[PDB]
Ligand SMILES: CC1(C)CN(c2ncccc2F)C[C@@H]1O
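In the form deposited without the ligand, a lone chain appears below as structure tokens.
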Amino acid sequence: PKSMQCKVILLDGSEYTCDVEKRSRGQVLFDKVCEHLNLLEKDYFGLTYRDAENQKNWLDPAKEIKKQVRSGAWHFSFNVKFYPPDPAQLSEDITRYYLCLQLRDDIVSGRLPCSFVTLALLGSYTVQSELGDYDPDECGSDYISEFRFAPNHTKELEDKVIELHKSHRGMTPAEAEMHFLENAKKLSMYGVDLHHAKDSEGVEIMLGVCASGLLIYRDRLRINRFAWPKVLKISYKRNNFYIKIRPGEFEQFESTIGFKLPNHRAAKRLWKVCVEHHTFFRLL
């Protein structure tokens, strides 16, 4: 029975290696990575791989791994797939921990923009969780943390992390991680999966996929949102993505809104993440 080596980048930046039978479905690998991570609240997570166009795709747990990675390496990342709007409601501290590690990468990468003060506050909770109480012996006036807090670091930011870390004396790791999440969850781009697109006129927009629906970003002064319950049908055709909206009260007809994606694979990918968000946040 022939086995394929799998390499998975974990949220702490380390690498998990295992073997699965070459006909294995995605769920087999996911279950192995989740066991390794001691993670029981698996529904919020998944594995990503890079396609031949170097685009991130979600590994479908129901489909054969080989029919997704196709010509590419069996190389994956472990990631948050569904960002919970209220992380306090997760049943385990270890779930909140992985969510924090994902959000730290979202912030450092610039996927989750964040004010100076919120970067420093998030940083201060990370430092408290990982080192415990502020110690003046480890940090002089010239201290720079090993921790990555932001896409660009300044001495001012390092200073403010320390000033806020001082305030958290006595705080336990689960407590600091819960505070991290109570602040992170409020950021306007929290758990927003962004896709480049054009509207029906050819104007360049971003489409955001998240718990609260499909968001349209254009010019930063005109932001439309379609809550999931309003969306009856999501479809794609060639390079086009379509959402069918419920008729408003006393309106005779549903309305269908159309967008242009870079290519057919980009349209299908946006369709799949929308259907998955629609199902997940209908049930959560």
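In case it trips you up, residue 1 is the first one in the sequence shown, and so on.
One more form of this protein should be noted, the form solved in complex with the ligand, which is absent from this view; the next part is about it.
With the partner omitted from this view, the residue of 162, 150, 206, 94 that lies near the ligand in the deposited complex is 206 [heavy atom within 4.5 Å].
This chain appears without its partner; in the deposited complex, the one residue of 218, 36, 237, 67 with a heavy atom within 4.5 Å of the ligand is 218. Proximity of residue 194 to the ligand in the deposited complex: non-hydrogen atoms within 4.5 Å are present.
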